[PDB]
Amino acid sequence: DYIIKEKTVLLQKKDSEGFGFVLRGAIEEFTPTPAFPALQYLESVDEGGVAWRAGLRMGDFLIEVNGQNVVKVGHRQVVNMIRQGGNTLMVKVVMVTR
């Protein structure tokens, strides 16, 4: 079986810091499966970080960046889309279990 937990969070950081996560991902012909529901995912998240306090964890997959779907969007364009918002980031992720 699969347990898919969708969670939508708003990340608010200061100028002198980061969101506190490492985005990893990726070709491009992508078929979302329950195990891999997206391409880009959080490889690590800094404990007590902005992202971390927001609820986000290692393994979460990035579905949306600021209301816009990034399910099939490349790594470059996603990092690029994250920077676009500056200190505010609304992100929609999925935590896949079992």
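One rule holds for the numbers: they count along the sequence shown, beginning at 1. Basically, rigid core = biggest C-alpha set you can superpose within 1.5 Å across the two forms.
In a rigid core superposition of the other structures in 4 other deposited structures of this protein, 43-51 and 28-36 differ in how far their CA atoms stray, and the farther one is 28-36. Where coordinates are absent for parts of the deposited sequence, a chain break appears; between neighbours residue 58 and residue 59 there is no such break. For the pair 74-82 and 5-13, the record assigns the higher mean C-alpha temperature factor to 74-82.
As recorded in the PDB entry, 29-37 is the stretch of 29-37 and 60-68 with the greater mean C-alpha temperature factor.
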